[PDB]
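First, one chain by itself in structure tokens, the form deposited in one PDB entry.
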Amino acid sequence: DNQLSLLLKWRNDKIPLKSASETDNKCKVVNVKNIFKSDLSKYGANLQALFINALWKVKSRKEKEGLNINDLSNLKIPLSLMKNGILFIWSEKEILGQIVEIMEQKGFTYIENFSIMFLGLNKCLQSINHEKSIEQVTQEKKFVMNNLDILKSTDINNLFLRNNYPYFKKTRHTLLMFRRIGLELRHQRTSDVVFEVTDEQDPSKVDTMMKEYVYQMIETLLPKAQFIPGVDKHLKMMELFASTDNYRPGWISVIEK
């Protein structure tokens, strides 16, 4: 049938949302007026990973705010900052070619891709029966995940999300990966495709419990950039456009403020 008991199993497994760590030696928080206009060579050196949690301002996202693709070109990544490592970036459908060309003009070669397949929660709720806040959406998602054996007879193509786009309806959100060669990678442990039940208002803004999935993917892809206490005197992972509340241990959080 749907097999949604297996396509949504990660949302009931041993993946909880991780509690933030206060300002100590395990995490470092930097407040900058603009990363795209500032020199990052001093905040961290020899970065083994660089995740750019970029929300893009495109025509697809209507009446929203976000970064601009033309502003990524003048982002200096010095060699001392970044010798060997992978750069992670969220991609829309309008700017994939611009992203890949801009990253090629800096020294990074496209290596991979990662997409999220979106199932609507309204469709799942309606199949189960026969402005929302984040806690309300969380409890609705918990309700959907509980009654996961009533909508098992439904056709999965009838539950997919179909958002408006000029050419084909939007059903996925993709993360591009680029690599610079001057890493002790762990290779095949996460699939390119993950299934998520999401609210339809703005699926680009990935929420917790799925951002945790991305963090776990990145941190199992790079098992030697972890900050072991005492052993390492500097952090090795940097995440730009961080959340001001959750400071992940072992990372450098850069928040625009």
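We call the rigid core the largest set of C-alpha positions that still match within 1.5 Å between the two forms. Numbering starts at 1 and follows the sequence shown.
This next part talks about the form deposited in another entry, which is not shown.
Student: Once the core is aligned, please say if the CA of residue 11 is shifted by at least 2 angstroms between the shown form and the other one.
Tutor: The answer is no, as the C-alpha of residue 11 shifts between the shown form and the other one by less than 2 Å after core alignment.
Student: What direction does the residue 14-residue 204 Cα distance move in the other entry compared with the shown chain, closer or farther, given a change of 3 Å or more?
Tutor: Closer, not farther.
Student: With a C-alpha distance change of 3 Å or more, do residue 203 and residue 20 lie closer or farther in the other entry?
Tutor: Residues separate in the other entry, at least 3 Å farther apart.
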